[PDB]
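Asks:
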Ligand SMILES: [Zn+2]
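Chains as they are written, first to last, in the authors' numbering: chain 3, 18 to 53, 90 to 329, 343 to 434, 441 to 569, 651 to 738; chain 7, 6 to 30, 60 to 126, 192 to 271, 282 to 357, 370 to 384, 394 to 497, 508 to 545, 558 to 729.
Listed below in structure tokens is the structure:
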């Protein structure tokens, strides 16, 4: 109608009143001409700019997408199809015919929702929804425009198609298949090389657990993506998606079909996907030069725990990590550090793990699919692997509670994770290797609840020695009662009846830039201390093996990162040797 | 609605007929059609390089020319009929219903396109993941591996009927012929199966290889359909380059295959350099993982295991294995698993495994998907924590260790002591879960004892701490051989076949008798790994063959036997520390 043309010209005015939009289109046009990969025919519209140019048109997209967006799509397509002559001898007949799609940004107003908050009142509106990608459907091409040649008449022909999804407005459906005869009735010569197809995919978005109240099933919604958005996400990704929330089908309105249970199907026509200082740096490096920065950082860690200085120091060293190496033979050296905690269940283990899990930037909570060697199927039957915490925590940290409760299948898989930093997947028809360079911190408890301090965890907990030897540091804590001292810590509990934001920058910057190497200073210290430990036949937490030498190098390198020195020093080995003795006693 | 496109089939069809008539081998395709005219051939293969050659020939001659290859590239569905139409009228009921011959196009070659200064995008070995919807109806070449092929099934193209009322042959319940349409009475139709047009059809699927997969994704698959004389050109597990027409409001896609193909002085100069350097037997052993401590005699066993022995099919179906089995016992924390990684990395057919089989299906096969042992056929299997394997896991091990089925493997096992820490005062069987039935199947059974000694540990600590400090071993005086050259020499060694002489033949039996008689005291002392049995006689034979084949020798010499006897005797020394 004439109203459709009016809004097409109105959008053309918007594309001209702010040349910052169509000049980027020209940049796309120039780039595409040079590559004779192709940049997408998509631009992002700032709703605030659209708000100040035409309030009704800006509100038109949000409130009435069916009557405003298709006029805007045509105007943008018209601008792109007319800004250049397209002198390509053959590409002008197929490639230049692809329409241009829109994207949106800026203030969404009231249309910023979640799968739970999304209701029937929000239908037929362009809304932004925040959630998680549970799964993705299979990608298939979808016919858009058909091109065919009428050989008998000696001239080509064409036909377009409409779908309930691709058409925001309720246009007449076209279920007809690619035509064989046209109005003239002659058999048509099919032109696949000049027909137009567009890929299509379906995804499911669910409300994030962070805002989910207990006692209700989770809320989910389906989003439709096409063309450039067809393969831009993977399951498990946090996503903010803007699209048209529209219904389809009928709730038994045809014939009688008057059951009270039938409802109308709804989904979102998504068109925009949002997958989810030097002053500090100079302060980070300056603070490293004071002698007590190692201890001060060791006290900001775990403010709710009194004492446990070595454990807090161990957490800092584990975050700093070591340095990996590569060899001319093709071998690689592990650099990361693992920590294990053992003793009475409720005594300060869940408290320490809570702080580390909350503080660390890439901390993953685990308890007894972490092996990442299992598949999940779509609605149509096709299946895809799901990632595991050990794999996801690459270059991160793994937080384990109830480590004693994990199964034997987990133990055999984590053997290669902690030692070779990789997972060798060997399944029926699926074989791959995934990096598992993750630091591990775990807590375990004895069966009886009360730890026998006279014996090692090999008899108090009875985990395999091969599994236990993979932890660089082990700590045993039990609430041995000193009444005046326990009063001091319990007073804060009875009261309930360096800044961390900068510290996380300190940890981030130190590991980001500092890659310490060994020095002759620590070489003698490592050999002498290792030999002395081998000479020491007295009972200890664990026997002395080459892994203890590896731990000393890893710990010394971590201390150098605390000092932010790209070379190790004798003091770093001295600290590591003392700490290992504490862990071995 | 009518539209206009620059495509002109009139020029192309005339060019096709002219190309058929003119393009020489007389004409290449006319000779091919002559053979078909002589009823000697059933299928016609069209070469796009020949078409491109003619186009360049016309281009260089300055005559009229249109990009016929690209037209066939874009719309191969219709040009297939056009070539048939040209042949149906130029080869020396409607015709299409009665044709029994088949036609296919073979792809352009990348050398030809570059030689004619053009880009052959369709023939580029792209993966199935990279095939967008733009390629529907376009002849493209796909590089991948076939994972599933179905059996031959009937594929009727035209269904034939016969009518009682008229006797006409009707092709596609009631006769639609002219006589019955006029007549008030129509003869009912029946299926004349012997007259129906059968086509040979099979279902095939291609899948991406591991290197073609993006980060963390599952390799995608695509459907390949084979028709006509091209059937049985694809089998499961074949890494192939297949050219075909990618064919399809949502549309499912499949591909109709058109062309199917499968996937030294240069190295001798490096071998000459290795011979020039000398010390081949020890240089290779020294080159095996220099970052690992100096277990030279143990790593020598790895060199022979990597080389392997010589198979001997004696006759009457009786078999003697050509593989070498070595065990690596030792206490935990000595990082002995790194050698298992090194050997598996070095071997081109090595499979690595830890503890019990992965989900049980790691051994044997599942509903068949073979396990690790089947995967390492004609290769090497490295196992860490062998003793922890289940009875079923070890049961499959014994059969492979005895029958090599295929699961032709060289077994390198590493296992921690059963008690966590070793006790030299006890027998090796007491300190391990494995019994004598499996250990007797091994060739070399070296034991590692993590004995705390200030002398030895001082060197090992200095050795390891330098490996972390510098990217090379502290023995910088030695230049190790790169793994590719190490692999190449092993492959070069694998081609050789040393044979025993009568001089060494008497020496072998003399050493065997000498060692066997004295080994009675070793077992009587109960302080030795095992009694001397024909495992020692045949073990030396395999090792001597390996050593002689390691030296590229055409015949076996005495020094190989003595060196083999040396290593066997060296292995016992670990029990006496
Ligand atoms: Zn009839």
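Note that the Cβ used here is the ideal one computed from N, Cα and C, for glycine as well.
So does residue 282 (chain 7) have its beta carbon nearer than 6 Å to some heavy atom of ligand 1?
Replies: no
Asks: Just how far apart, CA to CA, sit residue 362 (chain 3) and residue 441 (chain 3)?
Replies: Their Cα atoms are separated by approximately 39 Å.
Asks: Is the beta carbon of residue 293 (chain 7) within less than 6 Å of some heavy atom of ligand 1?
Replies: no
Asks: So what does DSSP say about residue 95 (chain 3), is it helix, strand or coil?
Replies: strand
Asks: Which of helix, strand or coil does DSSP assign to residue 414 (chain 3)?
Replies: coil
Asks: Could you tell me the distance, in whole angstroms, from the CA atom of residue 454 (chain 3) to the CA atom of residue 287 (chain 3)?
Replies: Distance between residue 454 (chain 3) and residue 287 (chain 3), taken at the CA atoms: about 15 Å.
Asks: With burial defined as no fewer than 16 other Cβ atoms inside 10 Å of the residue's Cβ, what is the status of residue 488 (chain 3): buried or exposed?
Replies: Classification for residue 488 (chain 3): buried.
Asks: On the CB-based measure, 16 or more other CB atoms within 10 Å of its CB, does residue 314 (chain 3) come out buried or exposed?
Replies: It is exposed - the Cβ of residue 314 (chain 3) has fewer than 16 other Cβ atoms within 10 Å.
Asks: Relative to the C-alpha of residue 701 (chain 7), which residue among 495 (chain 7), 648 (chain 7) and 441 (chain 7) is closest?
Replies: 648 (chain 7)
Asks: Taking buried to mean at least 16 other C-beta atoms within 10 Å of its own C-beta, is residue 349 (chain 7) buried or exposed?
Replies: buried
Asks: Cβ of residue 286 (chain 7) versus every heavy atom of ligand 1: is any distance shorter than 6 Å?
Replies: Residue 286 (chain 7) has its CB nearer than 6 Å to a heavy atom of ligand 1.
Asks: Fully enclosed by the region 678-704 of chain 3, which beta strand (DSSP E) runs are 3 residues long or longer?
Replies: none
Asks: Does the Cβ of residue 265 (chain 7) lie closer than 6 Å to at least one heavy atom of ligand 1?
Replies: Relative to the non-hydrogen atoms of ligand 1, the Cβ of residue 265 (chain 7) comes within a distance shorter than 6 Å of at least one.
Asks: Can you determine whether any heavy atom of ligand 2 sits closer than 6 Å to the C-beta of residue 289 (chain 7), and answer yes or no?
Replies: Ligand 2 is not among the ligands present in this structure, which contains only ligand 1.
Asks: Taking only beta-carbon positions, decide if residue 94 (chain 3) is within less than 7 Å of chain 7.
Replies: no
Asks: Could you check how far apart the C-beta atoms of residue 473 (chain 3) and residue 433 (chain 3) are, in whole angstroms? I think they sit under 8 Å.
Replies: 5 Å
Asks: Suppose contacts are defined by Cβ-Cβ distances below 7 Å. Is residue 737 (chain 3) in contact with residue 693 (chain 3) by that definition?
Replies: yes
Asks: For residue 725 (chain 7) and residue 653 (chain 7), what's the separation of their Cα atoms in angstroms?
Replies: Residue 725 (chain 7) and residue 653 (chain 7) have their C-alpha atoms some 31 Å from each other.
Asks: Use the C-beta contact count for residue 76 (chain 7): other C-beta atoms within 10 angstroms, 16 or more gives buried, fewer gives exposed.
Replies: exposed
Asks: Nearest CA to the CA of residue 378 (chain 3): which residue from 275 (chain 3), 509 (chain 3) and 425 (chain 3)?
Replies: 425 (chain 3)
Asks: Candidates 502 (chain 3), 461 (chain 3), 479 (chain 3) and 491 (chain 3): which alpha carbon is nearest residue 492 (chain 7)'s?
Replies: It is 502 (chain 3).
Asks: Beta strand (DSSP E) containing residue 284 (chain 7): first to last residue?
Replies: Run containing residue 284 (chain 7): none; DSSP gives neither H nor E here.
Asks: Express the C-alpha separation of residue 544 (chain 3) and residue 705 (chain 3) in angstroms, rounding to a whole number.
Replies: 9 Å
Asks: To which residues of the same chain is residue 384 (chain 3) closer than 6 Å at the C-beta, ignoring the five residues directly before and after it?
Replies: Result list for residue 384 (chain 3): 403, 405 and 511, in chain order.
Asks: Tell me, please, whether the CB atom of residue 488 (chain 3) is closer than 7 Å to any CB atom in chain 7?
Replies: Proximity of residue 488 (chain 3) to chain 7, defined by a Cβ-Cβ separation below 7 Å, is satisfied.
Asks: Got a sec: does ligand 1 put a non-hydrogen atom nearer than 6 Å to the Cβ of residue 262 (chain 7)?
Replies: Yes, ligand 1 has a heavy atom inside 6 Å of this Cβ.
Asks: Counting contacts by CB-CB distance shorter than 7 Å, is residue 42 (chain 3) in contact with chain 7?
Replies: So, not an interface residue.
Asks: Cβ closer than 9 Å: which chain 7 residues qualify as neighbours of residue 569 (chain 3)?
Replies: For a Cβ distance threshold of 9 Å, nothing in chain 7 lies close to residue 569 (chain 3): the least Cβ distance comes to about 47 Å.
Asks: If the criterion is Cβ atoms closer than 7 Å, does the pair residue 584 (chain 7) and residue 527 (chain 7) meet it?
Replies: Between residue 584 (chain 7) and residue 527 (chain 7), the gap from beta carbon to beta carbon is short of 7 Å.
Asks: Which of helix, strand or coil does DSSP assign to residue 316 (chain 7)?
Replies: Under the three-state reduction of DSSP output, residue 316 (chain 7) falls in the strand class.
Asks: Looking at residue 337 (chain 7) and ligand 1, is the gap between the Cβ and the nearest heavy atom below 6 Å?
Replies: no
Asks: Determine the direct distance from the alpha carbon of residue 175 (chain 3) to that of residue 663 (chain 3), and round the result to whole angstroms.
Replies: Going by the C-alpha atoms only, they are around 48 Å apart.
Asks: Does the distance from the CB of residue 450 (chain 7) to the CB of residue 456 (chain 3) come in under 7 Å?
Replies: no
Asks: To the nearest angstrom, report how far apart residue 192 (chain 3) and residue 90 (chain 7) are at their CA atoms.
Replies: 40 Å
Asks: Nearest chain 7 C-beta to residue 246 (chain 3) closer than 7 Å, yes or no?
Replies: yes
Asks: Should residue 286 (chain 7) be flagged as near chain 3, meaning a C-beta pair shorter than 7 Å?
Replies: no
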